[PDB]
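Enquirer: The structure under discussion is supplied below as structure tokens; questions concerning it will follow.
Bear in mind that the values in this text are calculations on the coordinates, not laboratory data. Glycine also receives a Cβ, built like all others from the backbone with ideal geometry; neighbour counts cover every protein chain displayed.
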Amino acid sequence: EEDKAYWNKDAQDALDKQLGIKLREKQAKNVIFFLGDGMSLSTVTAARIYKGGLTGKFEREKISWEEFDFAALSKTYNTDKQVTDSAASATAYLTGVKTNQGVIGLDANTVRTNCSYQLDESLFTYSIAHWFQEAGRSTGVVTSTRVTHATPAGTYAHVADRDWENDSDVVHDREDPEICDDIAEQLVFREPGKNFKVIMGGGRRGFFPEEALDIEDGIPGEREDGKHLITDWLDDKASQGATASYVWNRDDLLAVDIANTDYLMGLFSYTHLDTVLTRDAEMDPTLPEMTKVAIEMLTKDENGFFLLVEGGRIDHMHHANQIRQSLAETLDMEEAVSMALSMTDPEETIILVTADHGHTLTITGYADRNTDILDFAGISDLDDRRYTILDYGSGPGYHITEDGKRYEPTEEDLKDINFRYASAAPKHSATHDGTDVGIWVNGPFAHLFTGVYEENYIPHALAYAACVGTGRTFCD
Ligand SMILES: *[C@@H]1O[C@H](CO)[C@@H](O)[C@H](O)[C@H]1NC(C)=O
Ligand SMILES: [Zn+2]
Ligand SMILES: [Zn+2]
Ligand SMILES: [Zn+2]
């Protein structure tokens, strides 16, 4: 039982672990970057307890990346807003430069929704994936979102508005698609996108025209310019004399011949991949499964590789105050981190986990230990109605009943994967949260992450340790 001796040994052991930390002052060969979108520190705590609910450890459970010796805090404000969107943050943590809301791979001179700015190369910021490529090393990206979503896009795109995932989105904002390249285009026609060995996620819709029909579902595509970008991608690999594979389902992914495959594009949905609690496990590969295949491919490169893996729908669930699903997405990513750790060598591989920004999730009192984190906390002493442990500062969960009272959540509500937990400030989609987020790191030079940093510091430190880019380097 958790008595005085128990806690003293628990602590003495942690101290013993801390004292035994051996620094790794050697170049990083590989860098695996995990990004939990909208994964606030509160999401991590809540998810630790959620996991504990499955394993029976409850509040004593540990999140995989919390076994790392190095954690840090990251300040996420951007050049025009206190609370960053996913685009400006991705530009910061992948290109090393902070920027305006809605802009990817361009600096703060950029005026959002203005394409001219994406024609000016002097305004370009370049990603750690670019840098790995310039050094002759392999790159890839896995995500549960559309592969043209802001996060993956930060590794390769330069656009004046994150909304421009395909040419139909450019036209929608009155811009000229002929000269304003959309993100899907940039992934297949430009560097570094065109050189990625592995591209996985969703978003097939931005890659083929309205006149064409989707693999799997037969839904017409979104492109309005007649371009079939997947076949463009395939033709490109083939004309280089390389083998390439396009897959769109789990069985096919797992059947891929790793040894004989140079390029891999796996697009498992028309749009974002289905959430953990709604996906067809037969048809959709999980985040860890995608991660495994990505690592299998990229590790063939003896000079090293960079891989971005995003737990992306964490954010989407928070936006709808759908906290149960948000926690399930989070754990899918926690499991992916474990998959990566078991497949790589920490003496040469940096594994970093962070968030782009948080969400306004809070953990209220006062439930007893071992209480399911999604359960009720107690009854309000002001209106006599139940309240949940988890709730939000912002979102559509705020609900005044027909009688003008605070909606009281039910047992049925709590079990419902679509139930929206209460918020303090009603909004159709919850805003992001501005609080500093966490960073957790293992491997070479993990001790570059000890304190509190601006969010754009991250890739500068990672470059130093991997010896890529044009800044200070360990090999320097
Ligand atoms: C967009 O930028 C260009 C280039 O400097 C400028 O000529 C144009 O008027 C700008 N458009 C708007 C709407 O500000
Ligand atoms: Zn985000
Ligand atoms: Zn994202
Ligand atoms: Zn968001």
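Enquirer: May I ask you to verify whether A238 is on the phi < 0 side of the Ramachandran plot, of a type in the set (A, V, I, L, M) and in contact with a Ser or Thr (Cβ under 7 Å, 6 or more places away or on another chain)? Working first, answer last.
Expert: Numbers: on the phi < 0 side of the Ramachandran plot: yes; of a type in the set (A, V, I, L, M): yes; in contact with a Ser or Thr (Cβ under 7 Å, 6 or more places away or on another chain): no.
No, not satisfied.
Enquirer: Given the conditions (1) free of Cβ contacts under 8 Å to residues at least 60 places away in the same chain; (2) touching a strand residue (DSSP E or B) at 6+ places or on another chain (Cβ under 8 Å); (3) within 16 Å of ligand 2 (Cβ to nearest atom), which single one is not true for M317?
Expert: Going through (1) free of Cβ contacts under 8 Å to residues at least 60 places away in the same chain; (2) touching a strand residue (DSSP E or B) at 6+ places or on another chain (Cβ under 8 Å); (3) within 16 Å of ligand 2 (Cβ to nearest atom) one by one, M317 breaks only (2).
Enquirer: Something else now. With the condition being farther than 17 Å from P192 by Cα, I'd like the helices (runs of 4 or more DSSP H) fully within region 57-137 carrying at least 2 qualifying residues.
Expert: On the way: elements: 86-95, 116-119, 128-134.
Because the criterion is at least 2 residues that are farther than 17 Å from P192 by Cα, the helices (runs of 4 or more DSSP H) in region 57-137 that meet it are 86-95, 116-119.
Enquirer: Only one of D169, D176 is under 27 Å from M317 (Cβ atoms), of a type outside the set (V, I, T) and surrounded by fewer than 24 Cβ atoms within 10 Å (Cβ to Cβ); which?
Expert: Numbers: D176 fails: under 27 Å from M317 (Cβ atoms).
Residue meeting the stated conditions: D169.
Enquirer: From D182, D107, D167, which residue is away from ligand 1 (no atom under 16 Å from the Cβ), touching a residue at least 12 places away in the same chain (Cβ under 8 Å), over 30 Å from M297 (Cα atoms) and touching a helix residue (DSSP H, G or I) at 6+ places or on another chain (Cβ under 8 Å)?
Expert: That would be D167, the only listed residue that is away from ligand 1 (no atom under 16 Å from the Cβ), touching a residue at least 12 places away in the same chain (Cβ under 8 Å), over 30 Å from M297 (Cα atoms) and touching a helix residue (DSSP H, G or I) at 6+ places or on another chain (Cβ under 8 Å).
Enquirer: Please tell me if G304 is in contact with a helix residue (DSSP H, G or I) (Cβ under 9 Å, 6 or more places away or on another chain), within 20 Å of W440 (Cα to Cα) and in contact (Cβ under 8 Å) with a residue 12 or more places away in the chain.
Expert: For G304, the condition - in contact with a helix residue (DSSP H, G or I) (Cβ under 9 Å, 6 or more places away or on another chain), within 20 Å of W440 (Cα to Cα) and in contact (Cβ under 8 Å) with a residue 12 or more places away in the chain - is not met.
Enquirer: Ok, one more. Considering only region 343-362, state which residues are touching a residue at least 12 places away in the same chain (Cβ under 8 Å), part of a loop (DSSP other than H, G, I, E, B) and farther than 15 Å from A90 by Cα.
Expert: If the condition is that a residue be touching a residue at least 12 places away in the same chain (Cβ under 8 Å), part of a loop (DSSP other than H, G, I, E, B) and farther than 15 Å from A90 by Cα, then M343, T344, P346, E347, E348, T360 are the ones that fit.
Enquirer: Here's something else I'd like to know. For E185, all conditions in the list (1) farther than 17 Å from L462 by Cβ; (2) among the acidic types (D, E); (3) surrounded by fewer than 24 Cβ atoms within 10 Å (Cβ to Cβ) hold save one; what is the number of the exception?
Expert: Every condition holds for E185 apart from (3).
Enquirer: Kindly indicate which of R48, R24 is over 26 Å from the mean Cα position of the chain (by Cα) and surrounded by 10 or more Cβ atoms within 10 Å (Cβ to Cβ).
Expert: Of the residues listed, the single one that is over 26 Å from the mean Cα position of the chain (by Cα) and surrounded by 10 or more Cβ atoms within 10 Å (Cβ to Cβ) is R24.
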